[PDB]
Amino acid sequence: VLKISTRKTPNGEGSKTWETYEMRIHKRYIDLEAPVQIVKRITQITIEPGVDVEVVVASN
Amino acid sequence: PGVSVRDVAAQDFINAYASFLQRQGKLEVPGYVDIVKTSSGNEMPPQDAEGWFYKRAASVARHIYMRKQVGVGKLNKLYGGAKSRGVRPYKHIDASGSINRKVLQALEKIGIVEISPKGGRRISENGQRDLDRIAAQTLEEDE
Amino acid sequence: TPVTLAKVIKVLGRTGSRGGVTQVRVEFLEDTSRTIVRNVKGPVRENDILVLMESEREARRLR
Amino acid sequence: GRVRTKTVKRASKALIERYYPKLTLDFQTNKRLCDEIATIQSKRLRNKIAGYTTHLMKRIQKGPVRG
Amino acid sequence: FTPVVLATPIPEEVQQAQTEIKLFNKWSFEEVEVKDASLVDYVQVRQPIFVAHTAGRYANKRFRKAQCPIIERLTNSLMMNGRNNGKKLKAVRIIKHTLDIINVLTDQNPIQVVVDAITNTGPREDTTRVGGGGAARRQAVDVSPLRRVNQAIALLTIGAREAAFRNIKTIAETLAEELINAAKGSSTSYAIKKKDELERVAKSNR
Amino acid sequence: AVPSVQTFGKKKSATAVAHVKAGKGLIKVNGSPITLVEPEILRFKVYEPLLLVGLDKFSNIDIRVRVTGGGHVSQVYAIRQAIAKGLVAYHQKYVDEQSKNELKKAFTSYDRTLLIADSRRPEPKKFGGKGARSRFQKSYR
Amino acid sequence: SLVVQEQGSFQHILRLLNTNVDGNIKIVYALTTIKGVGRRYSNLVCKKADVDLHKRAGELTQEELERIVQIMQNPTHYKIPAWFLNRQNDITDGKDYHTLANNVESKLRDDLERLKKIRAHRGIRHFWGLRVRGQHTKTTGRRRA
Amino acid sequence: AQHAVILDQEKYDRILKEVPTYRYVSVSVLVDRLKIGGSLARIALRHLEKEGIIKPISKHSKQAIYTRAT
Amino acid sequence: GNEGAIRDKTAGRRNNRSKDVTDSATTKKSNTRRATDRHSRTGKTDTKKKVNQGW
Amino acid sequence: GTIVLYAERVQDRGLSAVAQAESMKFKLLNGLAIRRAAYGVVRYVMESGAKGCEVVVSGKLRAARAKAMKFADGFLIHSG
RNA sequence: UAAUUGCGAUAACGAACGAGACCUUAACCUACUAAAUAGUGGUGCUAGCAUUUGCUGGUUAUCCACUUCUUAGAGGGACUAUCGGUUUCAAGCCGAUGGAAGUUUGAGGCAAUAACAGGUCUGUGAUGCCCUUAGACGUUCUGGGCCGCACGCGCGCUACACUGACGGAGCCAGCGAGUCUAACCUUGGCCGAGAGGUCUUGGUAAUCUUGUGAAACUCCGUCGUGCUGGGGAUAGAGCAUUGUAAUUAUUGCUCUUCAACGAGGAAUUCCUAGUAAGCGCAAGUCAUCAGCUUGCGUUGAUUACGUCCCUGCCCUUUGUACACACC
Ligand SMILES: [Mg+2]
Ligand SMILES: [Mg+2]
Ligand SMILES: [Mg+2]
Ligand SMILES: [Mg+2]
Ligand SMILES: [Mg+2]
Ligand SMILES: [Mg+2]
Ligand SMILES: [Mg+2]
Ligand SMILES: [Mg+2]
Ligand SMILES: [Mg+2]
Ligand SMILES: [Mg+2]
Ligand SMILES: [Mg+2]
Ligand SMILES: [Mg+2]
Ligand SMILES: [Mg+2]
Ligand SMILES: [Mg+2]
Ligand SMILES: [Mg+2]
Ligand SMILES: [Mg+2]
Ligand SMILES: [Mg+2]
Ligand SMILES: [Mg+2]
Ligand SMILES: [Mg+2]
Ligand SMILES: [Mg+2]
Ligand SMILES: [Mg+2]
């Protein structure tokens, strides 16, 4: 979770109210063993406005 | 039965190992000892004057017995205590990198620790030996 | 120094414009058959026992 | 202070109003009943409600309750 | 008590006194009784303890703080005046020390002296500033037993620390000493002086 | 394998974990034995359960415990809990019940939570004071 | 350590380095009442002089005393660092002195005036009766001189 | 400088003969018999253990405790 | 300059310290106006035709 | 090549805050009695199947001193 | 009742905004789905001590297995439950029992209608009007200044010591954060008393720093009530780091110098349980600088569990020539 803590006031006046926002980062990984075909057939689709898909490969 | 060092409490093990290495002679104790301070978060040098190198040596040894590998950095931070910055708040600060790293060599040149891979220093096969040895010596005082 | 043991009975309420003071009725168990109302300073519940230092003088309100 | 609000009390009323054969001084079964028989959005409000329809219910066994 | 030993071994007097009696650091819990009526209930002893450190929950309900072991109610109040807030281990040790000292002098179950010291200092009546119109007079009040214990503790510890301030005798010795003189109040103690003088002025408005 | 159970105990952040196998009556904490521990004023805090229920009780078991997190006291209450709950877990499976209820009954009578883990936890400081309830300091004028 | 006996050998109070030193106080500390000898410096010197730190300033053979006085005003020969010292790299011959006793008084004055003679700002600020090292002089230090 | 930082053959003998009757002996108790500052006092406690009347109940720094021997 | 600076008397702590402090140091906030915050100074006022076409 | 734009005439603008805000802008900016403007907007919104709608106009309008209005019809909730 | 929260009364009946619901975090699941970026047992391979088997470690894949602990999905759970006192046997309230949990469960987020000439045109390429606009109130560049010191005020920090300082020795957290068109968080090895330096190295991160071995704290010593070794202001002399620049001393280390302060007048702040207080840490700021803030965890009390005396406000009643509403 990414906090940002701030006084609300643009200026300086008044009781010193603070206020914090936060941005929740949810990451997740799933490992598969499947040939070139299914992989790319699985990467092109299953796409979504909101989810940052990333498929790394390799034994290193 | 058999024994470890874990079978023995802190103070009793180290005042034993310290007593050992002074009784010993095989040391390497830099020489700036007595004129040196052990940290920059300290006020006075160690009161044990003649000695306390054996105290740290033993302390160091036992610590690295207890775990995989640890080096100068870790040991400096460990032996570090709070420092009064005078009229300003106390802050923890690390202790002298020399004292330790030279305890790490003196104890190595004596063959209790070996510059391990992964990093730092790790209990030597021969320390395993001697440490589990005086440990039992410390229990046989209450037998 | 005639000490007097008295078993508290029925918590009747707080007095003192402060509020610290509490009104209770008691029962000396050195012969019950008689009862009296006192002012406590501290926290009190039913079945306490008060060392009344003068068995014979009870107090009403506080301001 | 656990004074139960109107929406809790109001819903409770109408539930006893029309489902007394069913419901029974056990919060647990009146809970499950509510799921079936009533629509509520939250789990808590559901308990809070059932918990009170079980109250009301539990004392109706000893005379009527105004309303 | 019949010996028992398994793998990693447990010391003799440790094996000994433990499974037997549930006694203190190592101190008799039986005997120990509350010389003044009332004052029981609102003084613990039984259930018995090993050392007076506990994860208690005596505060979140009203009267239940009475149910704390009185000896711990001593050490609890031992830890204060700014610097020593928290530092319960500190306190605990001082008390262990203290009991040892108290015990060493004049025999007696040390925690029983704590019983006799405390019972002996709770003021039986006091005063509060009643309105009476500005020039607020002084109405006497027969004070609660609970408050009678509280005050006792607070008093004892305080004037012990006050004496213990700025001098060689360790806080344990003076804590011991206070209780000692408080055992059967010998007028030379902080609490008795202050107790009686609260009763001096309580009686002096009646 | 052999008869064996794992349990835990928590006090604030600290979380003490027990592995109570079937064995020849040992009881080591983290790595050393139980007759060391330290704080040590506290020491009798963790000897406690073993006394409560009689020093025997353990000669058909070996117990390991590893604490992580929480401070010097946080752990000592945490460990003793995992020891007692660990006994009661074993007689839950490997002995009979009436013994397990025998044990639980004498823990619950003496008890520093011991079987149950304590709900207490640090409250969030809120802006305006050094603490949670604590406010700062005003002066009006 | 030792339940010692000792005849009349020890004198309470003893005058060295043109100053006065109380015997019945531990010698490490006792020695600090000379101008310019902090606890550390005291320590190292005795550690150097083969003198017993468990001792008071009281006992201390007259030989042992003189030794201390010796080391104290010659640290560079008797193998004591340089970073352990109050006046290193002077500002004339740039040697490493450990200015001791009634000397440190005059050496503050010397420097202090070296700045003034040079009209340097720190100097001026000294002569103006203020604090030099750059602290705010609005709110703090008030009663004062 | 108000006395009691040294040994004095008379003080030694004071310690030898004046220490029964101390139901309680300790650092503080030793200074209170108008003698020994806390440092040498601590040294005495040790060398009364050597073979001298005191029985070592309880332990350490700050607190010391002894009674007469039996 | 700097030579002027130390040569100059009338300067440095010694003097100031022996000078009386004004009484304006210890003056309050002066405040001036706040009890007049609500009565507009413009002396103008809007009107009700311009207000009513407006809103 | 690596980026593209598209227009998408949104489904019923009557339940877009932004649509109605910019409406009232382009209403008053086109010279329109404030009441007429707002009340108009609230009527198009409500008619567009809304549960309820609310319109504030803060600011200074022909008079010197700054006023401000509300313009709400039907149902709104404000918390949680 | 915390609440126009309800019960009740009742020319009202029955509703909606707000309160509540709700949402976030902290608590409980051996139930469910899994995990070489988390972790347990077994087995290999292996060190030490005992040896009669034992005990304590090493080994990012040498394997098999599991999900108690860790992680986070989906469910579950509490509803002031059971009982009992109390009360218009009403809403409720108090106690015991059970319970992860029974103070709105703890803490927050959100929050109606209104008011103020509260504060902000020094956040805004938000803006009306005024002013100025080339000897500029634009803008940059060089240097000083916001730190300037007889003094009045406010938030703080460190203390006045022996529940202590110092010195060894034990050794324990939790919120965070970290380097691409780059120089961030840094392990390890050397060198240097130190501050730091130098060689390498892991990490775009549950994978590395980091188990952030933090601090109070715990242990054994030294000192012994002495303005003391408590205290560490002021000041001299030297060495280093950031930065183009350190003088008016950015910070750091070493030696020395060793002030006031012996618990604080009248006054006045904050606070009810993991709270107060003590204690350190990360984050904001940040090239460099925290005696500040925002969070976090460690250690863990005493005393209330009441009232209207003071102060503050709220509601009625009542008066009014006030409605720009007592400015
Ligand atoms: Mg240390
Ligand atoms: Mg540390
Ligand atoms: Mg402090
Ligand atoms: Mg000196
Ligand atoms: Mg709400
Ligand atoms: Mg609502
Ligand atoms: Mg699980
Ligand atoms: Mg219960
Ligand atoms: Mg204004
Ligand atoms: Mg603005
Ligand atoms: Mg502008
Ligand atoms: Mg400024
Ligand atoms: Mg403020
Ligand atoms: Mg220490
Ligand atoms: Mg060098
Ligand atoms: Mg790399
Ligand atoms: Mg001094
Ligand atoms: Mg100091
Ligand atoms: Mg920072
Ligand atoms: Mg600031
Ligand atoms: Mg009217």
# chains A, B, ... in the order shown; residues from 1 in each chain; ligands from 1
call {"tool": "interface_residues", "arguments": {"of": "chain I", "to": "chain G", "cutoff": "8 Å", "atoms": "only C-alpha atoms", "output": "list in words"}}
result
residues 2, 3, 5, 6, 11, 12, 13 and 14 of chain I
call {"tool": "residues_around", "arguments": {"residues": "residue 67 in chain F", "least_positions_apart": "3", "cutoff": "12 Å", "atoms": "only C-alpha atoms (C1' of nucleotides)", "output": "MDAnalysis selection string"}}
result
(chainID F and resid 8:11 13:18 28:31 37 64 70:83) or (chainID K and resid 69 172 211)
call {"tool": "closest_residue", "arguments": {"among": "B:103, B:47, B:56, B:32", "to": "ligand 15", "atoms": "only C-alpha atoms and all ligand atoms"}}
result
B:32
call {"tool": "select_by_dssp", "arguments": {"residues": "chain F", "states": "helix (DSSP H, G or I)", "output": "VMD selection string"}}
result
chain F and resid 44 to 52 56 to 58 72 to 93 97 to 110
call {"tool": "residues_around", "arguments": {"residues": "residue 35 in chain K", "least_positions_apart": "3", "cutoff": "9 Å", "atoms": "only C-alpha atoms (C1' of nucleotides)", "output": "number ranges by chain"}}
result
K: 38, 67, 71
call {"tool": "residues_near_ligand", "arguments": {"ligand": "ligand 19", "cutoff": "12 Å", "atoms": "only C-alpha atoms (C1' of nucleotides) and all ligand atoms", "output": "list in words"}}
result
residues 176, 177, 281, 282, 283, 284, 285, 286, 288, 289, 290, 292 and 293 of chain K
call {"tool": "select_by_dssp", "arguments": {"residues": "chain C", "states": "strand (DSSP E)", "output": "list in words"}}
result
residues 4, 5, 6, 7, 9, 10, 11, 12, 13, 14, 15, 21, 22, 23, 24, 25, 26, 36, 37, 38, 39, 40, 49, 50, 51 and 52 of chain C
call {"tool": "interface_residues", "arguments": {"of": "chain K", "to": "chain A", "cutoff": "7 Å", "atoms": "only C-alpha atoms (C1' of nucleotides)", "output": "list in words"}}
result
residues 119, 120 and 294 of chain K
call {"tool": "write_last_selection", "arguments": {"atoms": "N, CA and C atoms (P, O5', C5', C4', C3', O3' and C1' of nucleotides)", "output": "PDB file, in the first residue's frame"}}
result
ATOM      1  P     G K 119      -9.551  36.376   8.005  1.00  0.00           P
ATOM      2  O5'   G K 119      -8.743  35.146   7.396  1.00  0.00           O
ATOM      3  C5'   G K 119      -7.742  34.489   8.162  1.00  0.00           C
ATOM      4  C4'   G K 119      -7.125  33.316   7.432  1.00  0.00           C
ATOM      5  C3'   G K 119      -6.672  33.533   5.997  1.00  0.00           C
ATOM      6  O3'   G K 119      -5.435  34.209   5.905  1.00  0.00           O
ATOM      7  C1'   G K 119      -7.795  31.464   6.180  1.00  0.00           C
ATOM      8  P     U K 120      -5.166  35.206   4.683  1.00  0.00           P
ATOM      9  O5'   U K 120      -5.042  34.235   3.422  1.00  0.00           O
ATOM     10  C5'   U K 120      -3.794  33.660   3.053  1.00  0.00           C
ATOM     11  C4'   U K 120      -3.942  32.531   2.050  1.00  0.00           C
ATOM     12  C3'   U K 120      -4.181  32.916   0.603  1.00  0.00           C
ATOM     13  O3'   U K 120      -2.991  33.242  -0.057  1.00  0.00           O
ATOM     14  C1'   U K 120      -5.648  31.185   1.210  1.00  0.00           C
ATOM     15  P     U K 294       1.665  14.876  13.607  1.00  0.00           P
ATOM     16  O5'   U K 294       1.482  13.812  12.446  1.00  0.00           O
ATOM     17  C5'   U K 294       1.217  14.214  11.115  1.00  0.00           C
ATOM     18  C4'   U K 294       1.470  13.060  10.187  1.00  0.00           C
ATOM     19  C3'   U K 294       1.096  11.706  10.755  1.00  0.00           C
ATOM     20  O3'   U K 294      -0.280  11.426  10.560  1.00  0.00           O
ATOM     21  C1'   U K 294       3.271  11.605   9.865  1.00  0.00           C
TER      22        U K 294
END
